[PDB]
């Protein structure tokens, strides 16, 4: 739990591939820390598209933390267009999610000034 | 000085990318959790 | 403040060189491709 969060948060991909072996218990994959942020949230927050792709290939459900944000909210707040493009080719249903204040991902991408996002 | 500041920003962003690469490639053994 | 900005640029360039040296000397074992 603690190692996987670090490895995903800093893009250490081989550590993630090693930890995510013997795929049978998805309780470790979709479990958030104290702020309720799953590994997918962290990997997208720091903008590591390869880790996001690897986690999605195992299925990560797109949950929500203690502020209603999703992976796309973080990726847009940061401005990483590549991980956004990776996310937008899977379920295609998270584009219009809302946090605690009814903000979409577009709200954040525009507030922070990321034109390409 | 505006031009100088823009060049400074560009260089700092390249440096930030390099540092993130360092963190994602380094060895961690004794200080693991 | 122009003089100050020039000194800042000089220091940042030295730092960038040091970081590139770190990357080219470090150990990479578990995170190799």
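Protein chains in written order, with PDB author numbering: chain B, 447 to 563; chain C, 1047 to 1079; chain D, 1047 to 1079.
All residues carry an ideal CB built from backbone N, CA and C; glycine is no exception.
At a Cβ-Cβ threshold of 8 Å, residue 458 (chain B) and residue 1073 (chain D) do not count as neighbours. Taking all protein chains in view, the Cβ of residue 461 (chain B) is crowded by 16 or more other Cβ atoms within 10 Å, so the residue is classified as buried. Residue contact with chain C for residue 458 (chain B): present (Cβ-Cβ distance below 8 Å to some residue of chain C). About 15 Å separates the CB atoms of residue 561 (chain B) and residue 521 (chain B); that is not less than 8 Å, and the two are not in contact.
By the Cβ-count criterion, residue 1067 (chain C) is exposed, with fewer than 16 other Cβ atoms from all chains shown falling within 10 Å of its own Cβ. For residue 526 (chain B), the closest of C:1063, C:1071, C:1075 and C:1079 by C-alpha to C-alpha distance is C:1063. When the alpha-carbon of residue 535 (chain B) is set against those of B:518, B:548, B:545 and B:509, the nearest one is in B:518. Nearest C-alpha to residue 486 (chain B) among B:469, B:544, B:504 and B:546: B:504.
Within the stretch 1051–1078 of chain C, the residues whose Cβ lies closer than 9 Å to any Cβ of chain D are, in chain order, 1051, 1053, 1054, 1057, 1058, 1060, 1061, 1064, 1065, 1067, 1068, 1070, 1071, 1072, 1073, 1074 and 1075.
Around residue 543 (chain B), the same chain offers 516 as residues with beta carbons nearer than 6 Å, after the five sequence neighbours per side are excluded.
Annotation for residue 494 (chain B): 457 place their beta carbon closer than 6 Å to its own, counting only its chain and skipping 5 residues before and after. Excluding sequence positions up to five before and after residue 508 (chain B), its CB lies within less than 7 Å of the CB of 516, 517, 537 and 540, all in the same chain and listed in chain order.
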